[PDB]
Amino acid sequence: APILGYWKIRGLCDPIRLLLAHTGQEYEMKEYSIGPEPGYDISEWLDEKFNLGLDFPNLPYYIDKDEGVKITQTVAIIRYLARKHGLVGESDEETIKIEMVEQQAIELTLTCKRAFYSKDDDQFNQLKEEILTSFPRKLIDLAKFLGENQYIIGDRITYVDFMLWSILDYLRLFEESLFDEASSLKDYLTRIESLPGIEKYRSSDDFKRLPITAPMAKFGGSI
């Protein structure tokens, strides 16, 4: 069975786990603990980081011994899984649209990540201000792009829908009022979370015990 490695949080790995839940692919989840404050001990990972044969040691990682693959980098992993499962564009037109949204979703995710793991209240507040001021426009742009479609390229779900749903879910949990100009994104959230494999994953004990972020974060550190 393939092995997915990550912290016991949703974090960056969330879209990968949603894609795997949607497809029903069998895999082993290798979870690494973060110890309690103030040490936030991460020994189980630090002891393995350099002994897994990874070219770029990091979390998340995906190892399938049977297929001969070992991959790090969230985007490389999710694209690999997307190709394996057919959740990619069937035209260059579709691929351009998927890749533009992939990058827009990552841009929002990184901005949130930087905010969530801010060093102090000053920095957290500065980055929250930038989010509250710039994200409304970006959510309108995403809504316009989606239009009347079920998913990003139309009727067929692709890997980018999982990346967009994860960040939109985090934003709904961080500031719900951000969707007051794009109710279609609320329907998008309901559509994807209602898909059977995703609903089963989200209603599982394993998912419900996951904080969004690691214990040191200014937001999401506790379920």
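Residue numbers here begin at 1 and follow the sequence given.
Take the C-alpha B-factors listed in the entry for 39-47 and for 52-60, compute each mean, and give the stretch with the larger one.
Higher mean C-alpha B-factor in the PDB entry: 39-47.
Where do the C-alpha atoms have the higher mean temperature factor in this entry, in 203-211 or in 16-24?
The recorded data point to 203-211.
Select one of 161, 187, 169, 175: the residue whose C-alpha shows the highest B-factor in the crystal structure entry.
So the option with the highest C-alpha B-factor is 175.
Which listed residue, 29, 34, 198, 157, has the largest C-alpha temperature factor in the record?
Of 29, 34, 198, 157, 34 has the highest C-alpha B-factor.
Looking at the C-alpha B-factor of residue 128, is it in the lowest, middle or highest third of its chain?
Residue 128: CA B-factor falls in the highest third of its chain.
Using the B-factor values recorded in the entry, state whether the Cα atom of residue 118 falls in the lowest, middle or highest third among the modelled residues of its chain.
Highest third.
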